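Taking it in order: structure first as structure tokens, then the write-up.
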Amino acid sequence: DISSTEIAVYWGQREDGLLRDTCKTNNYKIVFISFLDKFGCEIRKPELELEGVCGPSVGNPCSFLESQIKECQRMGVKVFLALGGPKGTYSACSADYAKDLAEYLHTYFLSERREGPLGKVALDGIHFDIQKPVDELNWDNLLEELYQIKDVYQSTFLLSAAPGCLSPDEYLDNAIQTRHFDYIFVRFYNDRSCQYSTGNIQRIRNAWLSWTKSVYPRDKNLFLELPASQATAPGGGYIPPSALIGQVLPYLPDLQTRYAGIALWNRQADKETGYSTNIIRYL
């Protein structure tokens, strides 16, 4: 229901502040480190570069994040790695490369087996934010290889996706139809056919309904992903906090069984406007 709302947030830019400080706010239950956005056929060991934060181009190594990640997890926050994003050049390449990449993610990000870009860690999940890939092929293969690895080691990491709000999604529909994601974060912004606007919840309500019908199983596995300010959604979609709580959430069909909470793009925007602070007050 509404009171059990969990909040997620994207993190990975200079203006976001430190990861540790983001967790210690205690506003969030999930944080996406964003993004791993360059990989494809000839890139056997993908590197992480966070703009103005860490990477070979910044002169500060991303492995300094290891202790902050661990502090977050200790205080009950789940830390995901997000693939893809609005920028970069990414592709799953082929059925063979999809196996290579799934093994790479498991060895270096999910099991503490070796030292990787974020140091020696075991993250809580992998998040498919496939907004603008080279093409739509092989994303289902990547998902299915990670799912299989989970069975082999009896691991507990989670798998999630962030499709656009118009079903069926151009890039992730085959993957979503496997029924093997744990969570779906539907992006209700930058699309006039399915987002909120002042005095009209009919299009977002209908789109929520379409997603409850086409996503199985029928668990609490659906989040709304929304912009945390007007500035991070030049295509529209921003919902003021009082309108979210009062005019939108009470009127989503099957809220009781399907709704898991909200995700905010992004941490910088959230700091600037107090979005999640005002939501938490009205819970």
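Residues are named by chain letter and number: chains run A, B, ... in the order of the structure tokens, numbers start at 1 in each chain, and ligands are numbered from 1 in the order shown.
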Just the residues within 7 Å of segment 191-195 of chain A, please, counting only C-alpha atoms, with nothing from its chain fewer than 4 positions along; format it as a PDB file with N, CA, C and O atoms, in the first residue's frame.
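Printed below is out.pdb as written:
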ATOM      1  N   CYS A 165       7.309   4.080 -20.702  1.00  0.00           N
ATOM      2  CA  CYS A 165       5.953   3.830 -20.204  1.00  0.00           C
ATOM      3  C   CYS A 165       4.974   3.346 -21.285  1.00  0.00           C
ATOM      4  O   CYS A 165       3.856   2.985 -20.978  1.00  0.00           O
ATOM      5  N   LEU A 166       5.395   3.312 -22.541  1.00  0.00           N
ATOM      6  CA  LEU A 166       4.529   2.797 -23.599  1.00  0.00           C
ATOM      7  C   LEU A 166       4.793   1.321 -23.883  1.00  0.00           C
ATOM      8  O   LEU A 166       5.821   0.968 -24.454  1.00  0.00           O
ATOM      9  N   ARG A 203      -4.012   9.346 -18.643  1.00  0.00           N
ATOM     10  CA  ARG A 203      -3.048   8.635 -19.480  1.00  0.00           C
ATOM     11  C   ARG A 203      -2.046   7.813 -18.665  1.00  0.00           C
ATOM     12  O   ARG A 203      -1.680   6.711 -19.064  1.00  0.00           O
ATOM     13  N   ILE A 204      -1.604   8.340 -17.529  1.00  0.00           N
ATOM     14  CA  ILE A 204      -0.672   7.596 -16.691  1.00  0.00           C
ATOM     15  C   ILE A 204      -1.386   6.417 -16.004  1.00  0.00           C
ATOM     16  O   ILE A 204      -0.840   5.315 -15.918  1.00  0.00           O
ATOM     17  N   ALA A 207      -1.798   3.682 -18.532  1.00  0.00           N
ATOM     18  CA  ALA A 207      -0.491   3.056 -18.803  1.00  0.00           C
ATOM     19  C   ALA A 207      -0.044   2.142 -17.652  1.00  0.00           C
ATOM     20  O   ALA A 207       0.524   1.071 -17.893  1.00  0.00           O
ATOM     21  N   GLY A 235      10.992  16.788 -21.532  1.00  0.00           N
ATOM     22  CA  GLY A 235       9.892  16.244 -22.313  1.00  0.00           C
ATOM     23  C   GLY A 235       8.574  16.159 -21.550  1.00  0.00           C
ATOM     24  O   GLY A 235       7.595  15.640 -22.083  1.00  0.00           O
ATOM     25  N   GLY A 237       6.390  15.330 -17.610  1.00  0.00           N
ATOM     26  CA  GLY A 237       6.252  14.173 -16.736  1.00  0.00           C
ATOM     27  C   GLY A 237       6.360  14.431 -15.235  1.00  0.00           C
ATOM     28  O   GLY A 237       5.989  13.574 -14.432  1.00  0.00           O
TER      29      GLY A 237
END
Requested in this report: For segment 111-126 of chain A, work out the shell of residues within 9 Å, counting only C-alpha atoms and skipping chain neighbours fewer than 2 positions away, then give it as a ChimeraX atom specification.
Outcome: /A:32,46-48,55,61-67,69-70,73,78-83,105-109,128,155-161
For the selection just defined, write its residues with C-alpha atoms to a file, as a PDB file, in the first residue's frame.
ATOM      1  CA  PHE A  32      21.694   2.708  -8.585  1.00  0.00           C
ATOM      2  CA  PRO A  46      34.489  -3.121 -19.530  1.00  0.00           C
ATOM      3  CA  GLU A  47      35.680  -0.193 -17.377  1.00  0.00           C
ATOM      4  CA  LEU A  48      33.581   2.055 -15.159  1.00  0.00           C
ATOM      5  CA  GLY A  55      37.758   6.758 -13.695  1.00  0.00           C
ATOM      6  CA  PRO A  61      40.055   5.429  -9.105  1.00  0.00           C
ATOM      7  CA  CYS A  62      36.486   4.070  -8.723  1.00  0.00           C
ATOM      8  CA  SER A  63      37.807   1.383  -6.383  1.00  0.00           C
ATOM      9  CA  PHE A  64      37.893   4.033  -3.648  1.00  0.00           C
ATOM     10  CA  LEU A  65      34.112   3.472  -3.494  1.00  0.00           C
ATOM     11  CA  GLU A  66      34.471  -0.038  -1.977  1.00  0.00           C
ATOM     12  CA  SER A  67      34.123   1.011   1.704  1.00  0.00           C
ATOM     13  CA  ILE A  69      29.339   0.636  -0.803  1.00  0.00           C
ATOM     14  CA  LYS A  70      29.888  -1.640   2.192  1.00  0.00           C
ATOM     15  CA  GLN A  73      24.778  -2.195   2.731  1.00  0.00           C
ATOM     16  CA  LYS A  78      20.670  -2.124  -1.546  1.00  0.00           C
ATOM     17  CA  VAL A  79      23.278  -1.084  -4.086  1.00  0.00           C
ATOM     18  CA  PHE A  80      22.728  -1.979  -7.765  1.00  0.00           C
ATOM     19  CA  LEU A  81      24.937  -1.464 -10.807  1.00  0.00           C
ATOM     20  CA  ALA A  82      22.934   0.148 -13.641  1.00  0.00           C
ATOM     21  CA  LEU A  83      23.752  -0.848 -17.261  1.00  0.00           C
ATOM     22  CA  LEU A 105      29.590  -9.060 -14.027  1.00  0.00           C
ATOM     23  CA  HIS A 106      29.328 -11.998 -11.624  1.00  0.00           C
ATOM     24  CA  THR A 107      33.099 -12.385 -11.070  1.00  0.00           C
ATOM     25  CA  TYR A 108      33.931  -8.695 -10.655  1.00  0.00           C
ATOM     26  CA  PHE A 109      30.744  -7.093  -9.204  1.00  0.00           C
ATOM     27  CA  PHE A 128      18.915  -2.928 -17.131  1.00  0.00           C
ATOM     28  CA  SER A 155      22.988 -16.448  -5.074  1.00  0.00           C
ATOM     29  CA  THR A 156      20.496 -13.832  -3.955  1.00  0.00           C
ATOM     30  CA  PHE A 157      21.281 -10.839  -6.197  1.00  0.00           C
ATOM     31  CA  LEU A 158      18.333  -9.153  -7.940  1.00  0.00           C
ATOM     32  CA  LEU A 159      17.626  -8.322 -11.593  1.00  0.00           C
ATOM     33  CA  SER A 160      15.615  -5.238 -12.652  1.00  0.00           C
ATOM     34  CA  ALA A 161      14.705  -3.213 -15.744  1.00  0.00           C
TER      35      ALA A 161
END
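For residue 248 of chain A, the list of residues within 9 Å, based on only C-alpha atoms and with local chain neighbours fewer than 3 positions off taken out, reads residues 196, 201, 204, 205, 239, 243, 244, 245, 251 and 252 of chain A.
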Could you write those residues out with C-alpha atoms, as an mmCIF file, in the first residue's frame?
data_model
loop_
_atom_site.group_PDB
_atom_site.id
_atom_site.type_symbol
_atom_site.label_atom_id
_atom_site.label_comp_id
_atom_site.auth_asym_id
_atom_site.auth_seq_id
_atom_site.Cartn_x
_atom_site.Cartn_y
_atom_site.Cartn_z
ATOM 1 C CA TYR A 196 1.110 12.937 -16.021
ATOM 2 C CA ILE A 201 -4.181 11.506 -14.670
ATOM 3 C CA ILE A 204 -0.672 7.596 -16.691
ATOM 4 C CA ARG A 205 -3.444 5.575 -14.973
ATOM 5 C CA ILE A 239 4.427 15.312 -10.680
ATOM 6 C CA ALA A 243 -0.353 15.669 -6.522
ATOM 7 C CA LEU A 244 1.483 12.290 -6.413
ATOM 8 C CA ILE A 245 0.172 11.440 -2.938
ATOM 9 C CA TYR A 251 -6.190 5.852 -8.121
ATOM 10 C CA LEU A 252 -3.807 3.260 -9.590
#
**Report entry** Minimum-distance residue to residue 257 of chain A, chosen among A:198, A:174, A:212, A:13 (using only C-alpha atoms)
**Finding:** A:212
**Report entry** Residue set, segment 32-201 of chain A restricted to strand (DSSP E or B), as a PyMOL selection string
**Finding:** chain A and resi 32-36+38-39+50+54-55+60+78-84+89-90+110+116+119+122+125-129+158-161+164+183-187+197+200
Requested in this report: Run DSSP on the backbone and grab whatever in segment 17-201 of chain A lands in helix (DSSP H, G or I); send it over as a PyMOL selection string.
Outcome: chain A and resi 19-24+62-74+95-109+139-153+173-176
**Report entry** Straight-line distance linking atom CA of residue 223 of chain A with atom CA of residue 5 of chain A, stated in Å to one decimal
**Finding:**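 If I compute the distance from atom CA of residue 223 of chain A to atom CA of residue 5 of chain A, I get 9.4 Å.
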